[PDB]
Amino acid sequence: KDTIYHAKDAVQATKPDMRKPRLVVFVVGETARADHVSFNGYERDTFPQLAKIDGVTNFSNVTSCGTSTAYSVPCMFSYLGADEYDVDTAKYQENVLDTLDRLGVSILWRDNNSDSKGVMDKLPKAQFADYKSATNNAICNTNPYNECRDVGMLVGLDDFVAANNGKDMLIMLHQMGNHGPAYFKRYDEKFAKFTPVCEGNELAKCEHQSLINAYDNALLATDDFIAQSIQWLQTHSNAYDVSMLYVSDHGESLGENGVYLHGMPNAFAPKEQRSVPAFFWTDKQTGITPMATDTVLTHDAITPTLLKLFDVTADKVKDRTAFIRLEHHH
């Protein structure tokens, strides 16, 4: 059925022929809990590599719109926001990627998780790529599970940049991340830092600490992946204004009250399934300023953040809080 406009008024204020083109990576995370992030108070150093990079802002109060991939991911790109979002018609609404594409931003979505849950469906098929495949993903033979790794989504991104030379570009990288129940499969051996590790599929039967250890090892691999995504962006910082946004789709229960995994209806899902990390990084020269770390934020902040990163105004989100500020220091 027809696309419902939400941002027919949208205007891009500046074009990449008159200022530096902009190149952004949005890491769409998976199953990561805010309270297992070092920066949020967790006693283990689960993000050591991000800790070494200047310009990373950690957001300590971010709540997901839902508890599953199918519910959260479309809402993350929505104009409706969590309070009026309808998962069953999301696919036919104009979303933020539709707006950016029709204003001239080149969109790419690589997926090592599942798929875009309808978000990419109106855009050309070539702009979505399945990186769960060992033909597309060159980093699947580093572990005994033969599991394709998130970092494999960075291979060959330079081909995309070259094919879109001088244009604005937004690249979504959809992580496997911390998906369970088999946390121990989610990371290569170099990240097996917390030990012993639950390597059984029935989580209630593992010793609790061993379950936490596997989960935290998987976060170390995500810390690595985000750090390498920033390092990749940094190779383009002379020609492009580069930024990286990370937000997880939802959190995870880890045995509290005997609850495991996620997906529970929002009305009674525990807070562990809704409190998510978010990080924002930008190069010094972009002029983008992050919001305060402790801003009360939700998935509703993503769409206005993506629009602002490309200098796009849309009436529908004019009052929303974003991850980045409206005011610019000169």
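From 1 onward, residues are counted along the sequence shown.
Stretch comparison (9-17 versus 305-313) by mean CA B-factor in the PDB entry places 9-17 on top.
Of the two segments, 83-91 and 180-188, the one listed with the higher mean B-factor is 83-91 (C-alpha atoms only). Highest C-alpha temperature factor among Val151, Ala239, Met120, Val105, as the PDB entry reports it: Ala239. The entry assigns its greatest Cα B factor, within the set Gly29, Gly263, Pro270, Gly287, to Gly287. For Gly251, the recorded CA temperature factor ranks within the lowest third of the chain's modelled residues.
For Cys198, the recorded CA B-factor ranks within the highest third of the chain. Only modelled residues enter the ranking. Sorting the modelled residues of the chain by their CA temperature factor places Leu50 in the middle third. Ranked within its chain, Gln209 lands in the highest third, by CA B factor from the PDB record.
Among all modelled residues in its chain, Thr293 ranks in the highest third by Cα B-factor.
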